[PDB]
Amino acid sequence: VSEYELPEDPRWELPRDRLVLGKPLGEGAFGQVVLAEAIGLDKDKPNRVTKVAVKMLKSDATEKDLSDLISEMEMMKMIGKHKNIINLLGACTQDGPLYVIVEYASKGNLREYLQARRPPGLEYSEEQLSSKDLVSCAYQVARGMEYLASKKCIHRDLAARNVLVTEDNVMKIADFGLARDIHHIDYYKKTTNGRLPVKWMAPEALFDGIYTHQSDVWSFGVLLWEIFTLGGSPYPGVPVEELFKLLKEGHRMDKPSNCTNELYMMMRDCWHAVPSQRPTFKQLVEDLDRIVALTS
């Protein structure tokens, strides 16, 4: 990207004056997000302003940070609108910093959201959620991922921290900087040493560098475990340095406390050693729907 100079796309281009920057939201690693006001997005009612989130490069940006930003933008162009995916609102691509303008989620990411609602239990440290609530979180994220897979897209970074919660408590998948398009190819091969959090990586992705929708399913299993620990961190006590060996020996996380055996069996299913023997996101959606219907 050190000189692939960005083209223009009038469909998505929003002039920089129609954007007013304010408080910073997220931080760290590959970029930076600030809260902003956008003047006349939907056009047909062009004098109202919308609260939006703006992704941009941070202070000491690297080539790959920029590459990731651009890629996130284009990927979100390809994916399209869906109820459970933070969708693209616009972009500032010419004559200044790259600005990727996306939907704003007032209630933060799923991990924070879940941790803010932990009952005063012994396995821990707002108002609590019912079982049907959590299972509905799982269901929503599953819908989003099913849609992603229908569009031949691999997220590669599916985790609680990358799921956002809206004002109406809707789940919306975010962070597409590492997302890859696998239209008309069997898999995606990763660089020699990856840039994705190890504890969410499927074994075939960690050891062999193969990414498919199935590895995303693995990640979703870890996400289930995160949801029903109400924001716990995967493989508690286990340092990354020691996870490898464990995974190569068949180690799997235990059943979280407040969790049915059906859901833990779903987690274990997502964590199958053989990728092809894992459920698809469609099957996961069907299952989670069935379970939602049988819960209160």
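Heads up: residue numbers just count along the shown sequence, starting at 1.
A chain break between residue 125 and residue 126 is present, corresponding to 4 to 9 residues of the deposited sequence without coordinates. The stretch 44 to 52 shows the higher mean C-alpha B-factor when 44 to 52 is compared against 248 to 256 in the entry. When the mean C-alpha temperature factors of 279 to 287 and 17 to 25 are read from the deposited coordinates, 17 to 25 comes out higher. The residue among 267, 243, 39, 227 whose C-alpha carries the highest B-factor in the deposited model is 39. Across 162, 140, 150, 87, the greatest Cα temperature factor reported in the deposited entry is at 87.
Residue-level temperature factors show residue 97 in the middle third of its chain, judged at the C-alpha atom. The PDB entry assigns residue 76 a C-alpha temperature factor belonging to the middle third of its chain's modelled residues.
Per-chain ranking of the deposited C-alpha B factor places residue 118 in the highest third. For residue 69, the recorded CA B-factor ranks within the lowest third of the chain. Only modelled residues enter the ranking. Per the PDB record, residue ranking by Cα B-factor puts residue 132 in the highest third of the chain.
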